[PDB]
Amino acid sequence: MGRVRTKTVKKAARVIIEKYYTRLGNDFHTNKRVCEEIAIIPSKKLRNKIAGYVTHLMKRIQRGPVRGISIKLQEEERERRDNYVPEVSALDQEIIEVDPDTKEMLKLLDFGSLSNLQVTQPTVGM
Amino acid sequence: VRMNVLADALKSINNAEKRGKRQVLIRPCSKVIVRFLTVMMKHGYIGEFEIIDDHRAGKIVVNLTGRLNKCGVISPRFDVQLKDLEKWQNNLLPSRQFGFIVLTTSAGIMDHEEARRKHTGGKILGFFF
Amino acid sequence: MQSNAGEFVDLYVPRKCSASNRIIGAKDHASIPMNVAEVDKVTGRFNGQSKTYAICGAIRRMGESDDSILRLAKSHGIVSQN
Amino acid sequence: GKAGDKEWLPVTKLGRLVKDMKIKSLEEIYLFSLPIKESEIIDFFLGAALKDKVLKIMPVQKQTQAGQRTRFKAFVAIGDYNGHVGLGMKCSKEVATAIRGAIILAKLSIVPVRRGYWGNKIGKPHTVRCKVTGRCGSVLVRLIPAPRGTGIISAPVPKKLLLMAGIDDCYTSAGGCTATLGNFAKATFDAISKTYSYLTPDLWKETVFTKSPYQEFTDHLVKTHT
Amino acid sequence: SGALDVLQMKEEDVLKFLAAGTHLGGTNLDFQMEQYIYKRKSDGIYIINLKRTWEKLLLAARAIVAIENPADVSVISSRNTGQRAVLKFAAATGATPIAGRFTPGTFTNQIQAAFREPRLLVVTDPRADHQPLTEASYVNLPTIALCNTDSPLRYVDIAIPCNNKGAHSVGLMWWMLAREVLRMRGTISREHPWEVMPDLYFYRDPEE
C-alpha cells in the first residue's frame, strides 16, 4: 500500500486547475488528455497520477471553497457576500434603549431622549 | 531608625527620575535637605518645590526634569582643606568641566566652586552632576 | 558645543524627546516622531502646518507613551477637558 | 574589453533616496535614529577612508556522533579617523567567507562617536567628553578623559578601536576576565556608543523637531517604490 | 474639542454608539485604562465614557491625515470580525490592508516579497496582533489601535477605546474612523449624511 502523493503532484495540480478550470470534466480519461495538451508531463506514469488528483480536487471544488487555490466564481460569491448581507439595511433596528448608569453619562453630555429604566439586582453570579 | 535622613532622601529622587516621573514625595523634611536643593535648583537640575507643613516634621514635594542624572550622598562626613579638594573632585565627578560637589562651611552651605573663592574648607555632604 | 572661537562641533546634535527630556542615540529603533495634523478650526478642514512630537523607546515599551501623547495634546489642541 | 558596473540597485526606501542623492549625509539618518539595512549606503558616503583590522580568527566546534565539526569565527573592526567606528562578528564553515561576512556586517553597525576636551579649549577635540563605562557579561571598561599628548593608555585590544575612533588620549582600566576578548571588545564598543547617549549641560536647550526625510522626499516614492 | 461645535460630537452619533453597545466594557481592567472608565454598574461591567472615546478618535484620525501619501498607512486585523471592516476601510480610503495571519518578518526582511515600510499602523485588538506591534519597535513605526478595558498598552502610542469583543462595536468604529479622515482631506465634508453607512462594515455573520 502506501502511495501518498508527493508535493510535485500537489503543486502542479492546483496550478493546472486554476488556469484551465473550464476544460475539466470529472472523468479520469478526459482530464488526462487535457493535461497532456495544456502542458507536457515528461513521464507517462506521472501523467496518470496528476490527472487522478486533478479529478479528485474537482469533486470538492463543486462544493464549498477550497483553501489551497482560487477560482473566479468563488471570488464572485465572495464579493456578493462582502458588499451587503440581507440581514440588515437598518442601523441596527434604528431605536435601541439602555439602562441607567449609562443615562447618567448622557445626562452630563446633553442627551435626554430614547431611554428605558431597569435597575437590575446585585451582583456578579449572585 | 533612619540614622541619616539626607542619605535616604536622595535615593528616592534618583530612583524616580530613572523611571520617568516629575513629582515625588520626600520625608521627613530636614532643613539640611532644603538648602541642599536650593543650590541644586540655581544651577538648574530641578524646578520649584513645595514644602508641605505638618507639626511632625513636614513633607516636601519637588518638580523635576530629566537634566539630573544622579545625586548621591557621601557619608560619613570628611573634612577638606583646599588641597585635599582636587583629589576628591577627580574621583567623584565625570569631568572637570561640570559637576558640583557640595559641602558646608562656616560661611554656609554651597558648591565647591564658591568655597574656593572664599578660602573656606569644611565638611563634605554629597555631590551631583 | 562651543570651543575657544564658539565654533560648533559634534557631527550631529541629537534630538531630545518631549516627555522624558533625554536624548536618543544613532541606534534606537523604538523612538518615533508622530505627526498630528492641524486644522483651521472654523470649518474643521486640514490646513498645512503640522504639530510634530518625538517619544523615546523607554516610555513606549513600558506603556506610558499613551499618557504623554495625551498630555502634549492637552496642553495644546485638539483636547479640551477630557 | 567590456566595462561598466551596475552594482547596487536599492530594494530599501532609504537606499533609494541616497542613490538619487537627496540625502547628503549620514548625520541626517542618525538624527532620526533610523535603521540602516544595506551595506552600500555607508560605502557610498565613505569608502576611501575605511580600513579594517581583523582582531582574532577563533575556532569553535561542537561534537556529534561522527566526531568534530569546526567553524571559524572572526571579529573584524572598521573605522575612519574622523569619528565613525564599527565592529562585527560572523562565523562560517571556512575562513575567507566568514571574514568577508564580517567586513559587511561591521559597515552595517557603524556609529559616530562624540569627542570633547580636557578642562580647556584650543579647538579640535582630542579625548572623550565624559567618564563613561560599558559592560558585556562581567567585563567592563572605564574610559576616563585625559590631557593632550598622553596617548592612548590601554591594553592592545581597545587600543585598536579608540585609535580608529580618533580618540587620541584616554585613560582606561578593566575589570574581570579580559582573556575572552569577544566580551572585552564588545564592552569597549558599548562604552564608545554611550557618548551621544550621555546628557551634558550643552544639550539642555530644546530641539526644534525638524521634519523627517521620509516625509519631505515622499513625492518621488509614489510610483511603486517601497 | 478644538473648534467649538463643528467637530464636537452630535446628538445623532450618540444613538449609534449606544445601539452598538460601545459604552459597555469588560470586567477586567488595567492601570492604563482606569481614566477612560467612569465607573462600574451594580454588576460586573464597566462603563466607558463616550466623551473620552470621541476626543481620542480625532487626533488619531488627524494623524492618518497628516501623511502626504495614502498608500502606506497599513491597517492590520486578523480576527474574523475585523476582516470585513478593515477591507472596506482601506478600499474606500487609500491604505494597505493585511488581512488574516500576519506571516512574521514583513517589516524586517530584504528577501520576502511582502516586505513593506509604512509609517503608521492601525490595529484591532493588541492581543490578537501582538506580532506586528513587536516588529514596529524595530523600524520606528507610529502605532494606533483599538483597546478594550482588559487589553494592555505596550508598543502603542495612542488608543481608541471600544467594547470590541466581536460585535457591531467593531464595524461601527471603523466606519466612523473613515468618515473623519474624509471630513478633513476629502470633499465628502458638509457633515450631513454620507452615502456609505455602517451596515457592511459589520461581520459577515453566516447566513441562512
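All of this is worked out from the model, or read from it or from the source named; nothing here is a laboratory result. Virtual Cβ from ideal backbone geometry, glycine too; neighbours counted across all protein chains shown.
For the structure I just gave you, tell me whether D:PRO125 is within 21 Å of the chain's Cα centre (by Cα), surrounded by 14 or more Cβ atoms within 10 Å (Cβ to Cβ), without any contact (Cβ under 8 Å) to a residue 24 or more places away in the chain and within 30 Å of E:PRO118 (Cα to Cα). Answer is no for this residue. Please find, within the range C:10-46, the residue that is nearest to the chain's Cα centre (by Cα) out of those that are farther than 27 Å from B:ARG67 by Cα and small (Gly, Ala, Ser). Checked the range C:10-46; the qualifying residue nearest to the chain's Cα centre (by Cα) is C:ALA37. Those helices (runs of 4 or more DSSP H) of the range A:12-109 in which at least 1 residues are more than 14 Å from chain E (Cβ to nearest Cβ), considering only elements entirely within it, cover A:28-37, A:45-61, A:72-81.
Out of D:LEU162, D:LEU143, one residue alone is within 12 Å of chain B (Cβ to nearest Cβ), surrounded by 19 or more Cβ atoms within 10 Å (Cβ to Cβ) and either without any contact (Cβ under 8 Å) to a residue 60 or more places away in the chain or of a type outside the set (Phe, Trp, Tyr) (or both). It is D:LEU143. For the residues E:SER151, E:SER169, the requirement of being outside any loop (DSSP other than H, G, I, E, B), under 25 Å from E:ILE45 (Cα atoms) and hydroxyl-bearing (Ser, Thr, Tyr) singles out E:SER169.
Every test in (1) in contact with a helix residue (DSSP H, G or I) (Cβ under 7 Å, 6 or more places away or on another chain); (2) free of Cβ contacts under 8 Å to residues at least 40 places away in the same chain; (3) not hydroxyl-bearing (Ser, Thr, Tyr) is passed by E:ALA92 save one, and that test is (2). Listed by position, the strands (runs of 3 or more DSSP E) inside the range B:14-129 whose residues that are polar (S, T, N, Q) number at least 2 are B:100-105. Would you check which residues across the range B:27-50 are closer than 18 Å to B:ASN69 by Cα, among the aliphatic types (A, V, I, L, M) and either surrounded by fewer than 13 Cβ atoms within 10 Å (Cβ to Cβ) or free of Cβ contacts under 8 Å to residues at least 40 places away in the same chain (or both) and list them? Answer for the range B:27-50, where residues must be closer than 18 Å to B:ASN69 by Cα, among the aliphatic types (A, V, I, L, M) and either surrounded by fewer than 13 Cβ atoms within 10 Å (Cβ to Cβ) or free of Cβ contacts under 8 Å to residues at least 40 places away in the same chain (or both): B:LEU37, B:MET41, B:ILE46.
Of the strands (runs of 3 or more DSSP E) lying entirely inside the range D:1-102, those containing at least 1 residues that are surrounded by fewer than 13 Cβ atoms within 10 Å (Cβ to Cβ) and of a type outside the set (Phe, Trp, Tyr) are D:51-64, D:67-79.
Residues that are part of a loop (DSSP other than H, G, I, E, B) and in contact with a strand residue (DSSP E or B) (Cβ under 6 Å, 6 or more places away or on another chain) were ranked within the range C:3-16; the one that is surrounded by the most Cβ atoms within 10 Å (Cβ to Cβ) is C:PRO14. For C:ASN21, indicate whether it is over 27 Å from B:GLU17 (Cα atoms), assigned to a loop (DSSP other than H, G, I, E, B) and at the interface with another protein chain (Cβ under 7 Å from one of its Cβ atoms). Taking the combined requirement at face value, the residue does not satisfy it. Do the conditions hold for D:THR172, that is, is it more than 14 Å from the chain's Cα centre (by Cα), of a type in the set (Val, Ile, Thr) and more than 8 Å from every other protein chain (Cβ to nearest Cβ)? Yes. Specify the residue that is nearest to A:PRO122 (Cα to Cα); the eligible residues are those in the range E:30-69 that are part of a helix (DSSP H, G or I) and over 16 Å from the mean Cα position of the chain (by Cα). Among those that are part of a helix (DSSP H, G or I) and over 16 Å from the mean Cα position of the chain (by Cα), it is E:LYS51.
One line per residue, one yes/no per condition, for (1) assigned to a helix (DSSP H, G or I); (2) assigned by CATH to the domain that holds D:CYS130:
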site: D:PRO158; (1), (2): yes, yes
site: D:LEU162; (1), (2): yes, yes
site: D:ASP168; (1), (2): no, yes
site: D:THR178; (1), (2): no, yes
site: D:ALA185; (1), (2): yes, yes
site: D:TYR198; (1), (2): no, yes
site: D:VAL208; (1), (2): no, no
site: D:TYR214; (1), (2): yes, no
site: D:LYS223; (1), (2): no, no
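Would a scan of the range E:40-49 turn up a residue that is of a type in the set (A, V, I, L, M, F, W, C) and away from chain C (no Cβ under 14 Å)? Yes.
When the range E:103-127 is limited to residues that are of a type outside the set (D, E, K, R), at negative phi and more than 14 Å from chain D (Cβ to nearest Cβ), the one that is surrounded by the fewest Cβ atoms within 10 Å (Cβ to Cβ) turns out to be E:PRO104. When we screen E:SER78, E:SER74 for residues that are among the small types (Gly, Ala, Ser), closer than 21 Å to E:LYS165 by Cβ and crowded, with 17+ Cβ neighbours inside 10 Å, the only hit is E:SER78. Can you tell me which of C:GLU7, C:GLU38 is more than 24 Å from D:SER25 (Cβ to Cβ) and more than 14 Å from chain B (Cβ to nearest Cβ)? Matching residue, one of C:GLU7, C:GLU38: C:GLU38. Scanning the range C:41-77 for residues that are over 21 Å from D:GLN215 (Cβ atoms) and in a loop (DSSP other than H, G, I, E, B) turns up C:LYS41, C:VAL42, C:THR43, C:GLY44, C:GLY63, C:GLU64, C:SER75, C:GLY77. Going by what's in this entry, would B:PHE78 be described as within 27 Å of C:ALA58 (Cβ to Cβ), aromatic (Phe, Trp, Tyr) and outside the structural domain of B:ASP8 (by CATH)? No, not satisfied.
Any idea which residue in the range E:176-201 is farthest from the other protein chains (Cβ to nearest Cβ), counting only those that are touching a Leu at 6+ places or on another chain (Cβ under 9 Å) and in a helix (DSSP H, G or I)? Among them, the one singled out is E:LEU177. Between E:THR22, E:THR27, the distinction of being assigned to a loop (DSSP other than H, G, I, E, B), more than 14 Å from chain C (Cβ to nearest Cβ) and buried (at least 20 other Cβ atoms within 10 Å of the Cβ) belongs to E:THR22 only. Within the range E:163-182, does at least one residue satisfy the condition of being out of contact with any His (no Cβ under 7 Å at 6 or more places or on another chain), surrounded by 22 or more Cβ atoms within 10 Å (Cβ to Cβ), on the phi > 0 side of the Ramachandran plot and not acidic (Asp, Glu)? Yes, because at least one residue in the range E:163-182 is out of contact with any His (no Cβ under 7 Å at 6 or more places or on another chain), surrounded by 22 or more Cβ atoms within 10 Å (Cβ to Cβ), on the phi > 0 side of the Ramachandran plot and not acidic (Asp, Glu).
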